[PDB]
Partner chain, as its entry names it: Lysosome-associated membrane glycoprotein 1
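Okay, so here's just one chain, in structure tokens, the form solved without the partner chain.
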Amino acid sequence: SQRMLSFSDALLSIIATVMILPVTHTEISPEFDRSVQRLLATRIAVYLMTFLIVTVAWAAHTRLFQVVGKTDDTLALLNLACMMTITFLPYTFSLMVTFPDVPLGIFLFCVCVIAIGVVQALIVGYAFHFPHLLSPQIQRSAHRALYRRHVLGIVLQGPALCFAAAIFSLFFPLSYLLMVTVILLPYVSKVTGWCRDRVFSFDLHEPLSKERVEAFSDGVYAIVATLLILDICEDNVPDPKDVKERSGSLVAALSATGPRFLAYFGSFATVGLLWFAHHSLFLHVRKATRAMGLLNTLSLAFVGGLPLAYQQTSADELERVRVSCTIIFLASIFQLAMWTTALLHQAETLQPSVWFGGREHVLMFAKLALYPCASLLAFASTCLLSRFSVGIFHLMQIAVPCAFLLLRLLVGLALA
């Protein structure tokens, strides 16, 4: 009844992160640094916007399926169609980006989004056609029943805007920006600008379920961790024709991939550590608020960029680590931002054990703040020349959590 959601967002993870592939697959070797840097920046921007749009579409989808509590075979088929459409998103986005002036690209992206909208429209129509079967709960069923007239709008207002943008494409298309409204309307507008009412249970932009965001984050963490060690594998086979390469001695020609091997090692270590922080935190969240997921999206966005950082590290250029440092910091600090959200609702979120002055509050606090502090140290490394020591530092990084249940005891020793 709910596993379909698990398959859905597991697919959506991998979809979101698809655009990270050309980032890693670029050639950092200057065998032209200005133009290749500009191309890498373009690809990074495309990936970031892609993750953002796939994430907001995923949020719309999970909200919709939260307003649909049960599941039918036909419902599952419609969800599969919706998944296919939303899957087609990143390609359309990249196409529209690398061809902004041609109306065909924007038209393709817009037909993609109106398609991902109309299938959800059929989904909610099916739902409201079978109340006793697919309504979430009693209040979702026993109510004014106008929720459809309401929720339809929320599912339709997004794509409908595209409609106008659609007709604006080849009309004569300076604006071209209504798509951005599709992002901004459901996030803040209904919260601030104007809502529609006339007992109520909104379910319009209610906070995501902890399990759904949790599964999505786990999916993306995995697909980055395995994203690295999966290009080495498919691209670093010693090529048995290597009899000419290196003598024989396979170890010789194997040590050539050593740099990117250690790169994958460190990247997986850092990604797994970040996931461990994320899992320890989200194990203690009681009801993940909207701001929580909002911050989580950005944290995941930078975690996705992390492999490019770790590849740049193991490639006056001693500034590379600097870059590959900030990403880590970013990929952690927004996470820490979530941790600095207990003050928003200690009673509703962050179940009492982790409250200010809780049984292990300092423990969780330092376990989350450990990576931003380490990245800040490797950043301030700038003060000297032996900055490439960052590696051993991050080494010591992973050495902390094992003894960290005891290292916090040191702060306990600070009782006197």
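Take the two forms, superpose them, and find the largest set of C-alpha atoms that agree within 1.5 Å; that set is the rigid core. Numbering follows the first chain given and starts at 1.
One more form of this protein exists, namely the form deposited with the partner chain bound; it is left out here, but the text below deals with it.
None of 117-125, 142-150, 286-294, 319-327 except one has non-hydrogen atoms within 4.5 angstroms of the partner chain in the deposited bound form; the exception is 319-327. When the partner chain is considered in the deposited bound form, residue 315 lies well away from it, no heavy atom lying within 4.5 Å. In the deposited bound form, the partner chain stays beyond 4.5 Å of every heavy atom belonging to residue 41. Taking non-hydrogen atoms only, residue 337 approaches the partner chain to within 4.5 angstroms in the deposited bound form. In the deposited bound form, the partner chain stays beyond 4.5 Å of every heavy atom belonging to residue 134.
Only one of the listed residues (154, 308, 333, 301) places a non-hydrogen atom within 4.5 angstroms of the partner chain in the deposited bound form, and that residue is 333. 376 is the sole member of 56, 28, 49, 376 with a non-hydrogen atom within 4.5 Å of the partner chain in the deposited bound form. Applying a 4.5 Å heavy atom cutoff to the partner chain in the deposited bound form picks out no residue from 27-60. With the core fitted between the shown form and the other one, just one of 92, 85, 297, 135 shows a Cα displacement of at least 2 Å, namely 135. Here residue 403 counts as shifted, since its C-alpha moves by at least 2 Å between the shown form and the other one after the core is aligned. When two forms of a protein are overlaid on their rigid core, residues whose CA moves 2 Å or more are considered shifted, and residue 389 is one of them between the shown form and the other one.
The pair residue 391 and residue 302 is at least 3 angstroms farther apart at the CA level in the deposited bound form than in the present model. Distance between the C-alpha atoms of residue 140 and residue 86: longer in the deposited bound form than here (change of 3 Å or more).
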